[PDB]
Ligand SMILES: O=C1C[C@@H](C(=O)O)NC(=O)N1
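We begin with a single chain expressed as structure tokens, specifically the form deposited without this ligand.
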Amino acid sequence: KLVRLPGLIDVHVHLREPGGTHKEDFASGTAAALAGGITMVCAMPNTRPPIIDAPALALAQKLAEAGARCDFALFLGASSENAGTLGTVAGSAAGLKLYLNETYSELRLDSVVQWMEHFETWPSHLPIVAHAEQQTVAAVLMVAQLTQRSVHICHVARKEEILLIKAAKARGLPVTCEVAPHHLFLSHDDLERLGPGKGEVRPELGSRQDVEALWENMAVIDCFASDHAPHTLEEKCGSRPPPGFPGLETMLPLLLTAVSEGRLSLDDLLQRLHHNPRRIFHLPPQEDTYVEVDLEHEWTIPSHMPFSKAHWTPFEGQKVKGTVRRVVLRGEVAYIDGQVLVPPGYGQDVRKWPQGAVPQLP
């Protein structure tokens, strides 16, 4: 009755430690990952302090090693000050993250020349991912071509963006992309229900036509990734609502529902949550690691999932078919039926494994 899946990989999570641990920490966020059938996460650098230099990375690595329940890699973040300074720690990170749209964090870049400087100085064999919306997708593709390297586009959300990426792939350009579940399963039609606070997310929810274009262009989507962006309900409903949705615990059930309806195949799902994350980010295999799912169980998403400290979900009320029953991580039962059974600190930094280093020429 159960289907065995390999250990799934989420290449875009915000786990809020250090500095935002009321929203999530490594222990709670990786519990959420495990309950979602995810055994490896790549954590974004917009923490407090942000992971924009070697001391911050070193702190974050130890916090993750002590708190993570599944395996992980940590992104470095590009800043207006750190191009040309990250070479000695670059290979220990998941990759470099560029935040190219609205932000007031230390991740704000003022000029496309600063993007160029990062593409020129970051080691050419290591991943670069960009938060790049609408025309910014075309702009960062131009910078990638000028510097003769690849780029990965985070959370593609619009018809405009997926068609631009499709055209770039047709010209043989080295671009990959990911899509998040809220841009496949929510739209403007859901904003009345969500309200303006909860509904705040970046990239924003798309139109019905945006959602339909992403499904129609599934072949263009290399990865699914949650952009798990936990904020508390108080924050989402307050005066200055921060953008983002929690998503680790709902991603796989939503996508399994779509598989059961014939909207994509099981293989399509596994390419996008396992094989392509591995190959784009050079993430290592996890020995004796698998996920068992029950594809027949129908349930309704509640007002909050059990594990994320966000304690809310924008998918409340959606009917799904598919549920994670058991997760085994490196030979240990990590999750069964609503209970996480590996402690904080069980998880490891996959970039320290010999198989987890990105290959490079001498």
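The first residue of the sequence shown is number 1, and the count goes up from there.
Stretches compared: 41-49, 332-340. Higher mean C-alpha B-factor in the entry: 332-340.
On average the C-alpha atoms of 17-25 have higher B-factors than those of the other stretch, with 348-356 and 17-25 being the two compared. When the C-alpha B-factors of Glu117, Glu216, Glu261, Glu133 are ranked from the entry, the top spot goes to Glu261. Residue-level inspection of the entry shows that, of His152, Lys169, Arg240, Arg149, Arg240 has the top Cα B-factor. Split the chain's modelled residues into thirds by C-alpha temperature factor. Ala225 is in the lowest one. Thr176: CA B factor in the lowest third of modelled residues in this chain (values from the PDB entry). Among all modelled residues in this chain, the alpha-carbon of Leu248 has a temperature factor (C-alpha) in the middle third. Per-chain ranking of the deposited C-alpha B factor places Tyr104 in the highest third. Ranked within its chain, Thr289 lands in the middle third, by CA B factor from the PDB record.
Not on display, but discussed next: the form deposited with this ligand bound.
Within 4.5 Å of this ligand in the deposited complex, a heavy atom is found for every one of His14, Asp227 and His231.
Of the candidate stretches 236-244, 86-94, 254-262, 283-291, only 236-244 contains residues with a heavy atom within 4.5 Å of this ligand in the deposited complex. Looking at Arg108, you'd find every heavy atom of it more than 4.5 angstroms from this ligand in the deposited complex. In the deposited complex, this ligand lies farther than 4.5 Å from every heavy atom of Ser28. Interface residue remark: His131 is counted as part of the site for this ligand in the deposited complex, having a heavy atom within 4.5 Å. Within 4.5 Å of some heavy atom of this ligand in the deposited complex lies at least one heavy atom of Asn46. Comment: this ligand is not present in this chain, but in the deposited complex one of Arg193, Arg202, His275, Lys169 has a heavy atom within 4.5 Å of it, namely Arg202.
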